[PDB]
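Listing of entry.cif, mmCIF, C-alpha atoms
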data_final
loop_
_atom_site.label_atom_id
_atom_site.label_comp_id
_atom_site.auth_asym_id
_atom_site.auth_seq_id
_atom_site.Cartn_x
_atom_site.Cartn_y
_atom_site.Cartn_z
CA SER N 1856 -16.17 22.87 -13.18
CA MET N 1857 -19.78 21.54 -13.30
CA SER N 1858 -20.35 19.65 -16.58
CA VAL N 1859 -16.84 20.94 -17.81
CA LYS N 1860 -14.12 18.34 -17.77
CA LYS N 1861 -10.50 18.06 -19.02
CA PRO N 1862 -9.96 14.97 -21.24
CA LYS N 1863 -9.78 11.53 -19.35
CA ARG N 1864 -6.03 10.52 -18.69
CA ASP N 1865 -5.98 6.66 -18.75
CA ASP N 1866 -5.30 5.54 -15.14
CA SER N 1867 -6.34 1.88 -15.59
CA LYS N 1868 -2.74 0.60 -15.47
CA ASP N 1869 -1.62 2.79 -12.55
CA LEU N 1870 -2.06 0.02 -9.91
CA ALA N 1871 0.04 -2.40 -11.92
CA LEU N 1872 2.69 0.05 -12.76
CA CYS N 1873 3.02 1.30 -9.07
CA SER N 1874 3.33 -2.42 -8.07
CA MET N 1875 6.20 -2.85 -10.62
CA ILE N 1876 8.01 0.21 -9.36
CA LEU N 1877 7.60 -0.95 -5.75
CA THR N 1878 9.04 -4.42 -6.75
CA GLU N 1879 12.07 -2.71 -8.24
CA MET N 1880 12.54 -0.65 -5.01
CA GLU N 1881 12.10 -3.83 -2.87
CA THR N 1882 14.87 -5.65 -4.81
CA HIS N 1883 17.42 -2.82 -4.92
CA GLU N 1884 20.51 -3.72 -2.88
CA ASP N 1885 20.24 -0.49 -0.88
CA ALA N 1886 16.57 -1.14 0.13
CA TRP N 1887 17.55 -2.93 3.43
CA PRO N 1888 16.94 0.09 5.76
CA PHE N 1889 13.40 0.48 4.30
CA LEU N 1890 12.01 -3.05 3.93
CA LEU N 1891 10.28 -3.22 7.32
CA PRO N 1892 8.96 -0.76 9.88
CA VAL N 1893 11.59 0.72 12.22
CA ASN N 1894 11.29 -1.12 15.56
CA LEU N 1895 9.90 1.64 17.84
CA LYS N 1896 10.77 -0.34 20.99
CA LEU N 1897 14.39 -0.78 19.98
CA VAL N 1898 15.35 2.53 18.34
CA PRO N 1899 15.55 5.42 20.77
CA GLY N 1900 14.14 8.69 19.57
CA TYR N 1901 12.23 7.26 16.54
CA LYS N 1902 8.76 7.21 17.96
CA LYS N 1903 8.87 10.79 19.21
CA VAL N 1904 10.71 12.36 16.35
CA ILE N 1905 9.15 10.65 13.25
CA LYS N 1906 5.52 11.56 13.34
CA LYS N 1907 4.54 9.39 10.38
CA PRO N 1908 6.67 6.19 10.02
CA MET N 1909 6.54 4.54 6.60
CA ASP N 1910 8.37 1.55 5.00
CA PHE N 1911 8.14 -0.55 1.82
CA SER N 1912 6.24 -3.44 3.50
CA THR N 1913 3.56 -1.01 4.74
CA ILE N 1914 3.29 0.58 1.28
CA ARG N 1915 3.03 -2.92 -0.26
CA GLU N 1916 0.15 -3.86 2.12
CA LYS N 1917 -1.65 -0.51 1.47
CA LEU N 1918 -1.20 -1.02 -2.32
CA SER N 1919 -2.52 -4.59 -2.20
CA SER N 1920 -5.63 -3.68 -0.13
CA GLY N 1921 -6.93 -0.58 -2.05
CA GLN N 1922 -5.76 1.99 0.39
CA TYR N 1923 -4.21 4.32 -2.27
CA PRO N 1924 -6.96 6.35 -3.96
CA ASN N 1925 -4.64 7.43 -6.76
CA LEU N 1926 -0.98 7.24 -7.94
CA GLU N 1927 -0.12 10.59 -6.14
CA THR N 1928 -0.98 9.26 -2.68
CA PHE N 1929 1.34 6.28 -3.50
CA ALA N 1930 4.24 8.63 -4.44
CA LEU N 1931 3.63 10.66 -1.23
CA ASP N 1932 4.18 7.53 0.96
CA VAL N 1933 7.31 6.47 -1.03
CA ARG N 1934 8.77 10.06 -0.57
CA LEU N 1935 7.79 9.89 3.16
CA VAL N 1936 10.13 6.90 3.53
CA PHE N 1937 13.04 9.01 2.25
CA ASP N 1938 12.08 12.16 4.07
CA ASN N 1939 11.95 10.26 7.33
CA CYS N 1940 15.33 8.72 6.57
CA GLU N 1941 16.89 12.23 6.03
CA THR N 1942 15.26 13.48 9.27
CA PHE N 1943 16.86 10.75 11.37
CA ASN N 1944 20.11 9.79 9.66
CA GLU N 1945 23.28 11.72 8.81
CA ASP N 1946 23.96 12.13 5.02
CA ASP N 1947 27.43 10.51 5.61
CA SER N 1948 26.11 7.20 7.12
CA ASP N 1949 25.35 4.01 5.32
CA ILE N 1950 21.58 4.47 5.88
CA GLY N 1951 21.70 8.21 4.98
CA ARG N 1952 23.44 7.38 1.66
CA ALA N 1953 21.03 4.48 1.02
CA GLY N 1954 18.12 6.87 1.33
CA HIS N 1955 19.54 9.33 -1.15
CA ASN N 1956 20.35 6.55 -3.63
CA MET N 1957 16.81 5.14 -3.32
CA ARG N 1958 15.06 8.45 -3.69
CA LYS N 1959 17.06 9.08 -6.90
CA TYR N 1960 16.21 5.61 -8.19
CA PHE N 1961 12.50 6.09 -7.43
CA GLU N 1962 12.19 9.54 -8.96
CA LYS N 1963 13.67 8.34 -12.27
CA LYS N 1964 11.32 5.33 -12.48
CA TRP N 1965 8.45 7.68 -11.58
CA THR N 1966 9.27 10.22 -14.35
CA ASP N 1967 9.97 7.55 -16.93
CA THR N 1968 6.79 5.62 -16.21
CA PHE N 1969 4.22 8.46 -15.78
CA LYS N 1970 5.71 11.82 -17.13
#
Written as structure tokens, how would this file's structure read?
Amino acid sequence: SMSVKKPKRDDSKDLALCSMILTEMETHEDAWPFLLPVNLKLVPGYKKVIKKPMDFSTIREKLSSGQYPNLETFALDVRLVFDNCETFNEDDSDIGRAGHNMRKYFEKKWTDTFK
């Protein structure tokens, strides 16, 4: 509360560490469904159904331009990528499996780096 603060957790490396995680996600062999924004002209249903599209290139641009106020808003966009993927894709499809694999990969790096 006013003039009463929990001890300062060092966040000075967060930007660098989120960038490293994001590089690892970008280079994973199963990243291909997520590298670029879904083409809303060419994929029927996507625009109407997926209210907030997100992809790794968009996260990379936001990261690079100071549009994440803290590491939690970064994790929210990464999870959005996988949540969108599950909304639109069957679990037993190549893309559906890719999205599960990637979410697992991310959540381990996240825990190991920050928790």
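With the shown file loaded, the PyMOL selection byres ((chain N and resi 1932-1938) around 6) picks out residues 1909, 1910, 1929, 1930, 1931, 1939, 1940, 1941 and 1954 of chain N.
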Check: Residues picked by the PyMOL selection byres ((chain N and resi 1961) around 9) here, as a ChimeraX atom specification?
Finding: /N:1876-1877,1879-1880,1933-1934,1956-1960,1962-1966
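Nearest-residue note for residue 1898 in chain N: choosing from N:1943, N:1884, N:1924, N:1914, the minimum distance belongs to N:1943, counting only C-alpha atoms.
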Polymer residues at most 12 Å from range 1857-1867 of chain N, all atoms listed in the file, same-chain spacing of 6 or more positions, as a CSV table (one decimal) with C-alpha atoms, keeping the file's coordinate frame:
chain,number,residue,atom,x,y,z
N,1873,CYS,CA,3.0,1.3,-9.1
N,1924,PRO,CA,-7.0,6.4,-4.0
N,1925,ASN,CA,-4.6,7.4,-6.8
N,1926,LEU,CA,-1.0,7.2,-7.9
N,1927,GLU,CA,-0.1,10.6,-6.1
N,1969,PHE,CA,4.2,8.5,-15.8
N,1970,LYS,CA,5.7,11.8,-17.1
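Picture a line from CA of residue 1891 in chain N to CA of residue 1868 in chain N; it runs 26.5 Å.
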Margin query: Would you compute the distance between CA of residue 1881 in chain N and CA of residue 1903 in chain N? Give it in Å to one decimal.
Written below: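 We find that CA of residue 1881 in chain N and CA of residue 1903 in chain N lie 26.7 Å from each other.
Considering the residues N:1923, N:1892, N:1885, N:1951 and counting all atoms listed in the file, residue 1908 in chain N has its shortest atom-to-atom contact with N:1892.
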Next item on the list: Using all atoms listed in the file, pick whichever of N:1869, N:1953, N:1890, N:1942 has the shortest atom-to-atom distance to residue 1915 in chain N.
Entry: N:1890
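The coordinates place CA of residue 1912 in chain N at 16.1 Å from CA of residue 1870 in chain N.
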Check: Taking all atoms listed in the file into account, which of N:1968, N:1922, N:1917, N:1911 comes nearest residue 1888 in chain N?
Finding: N:1911
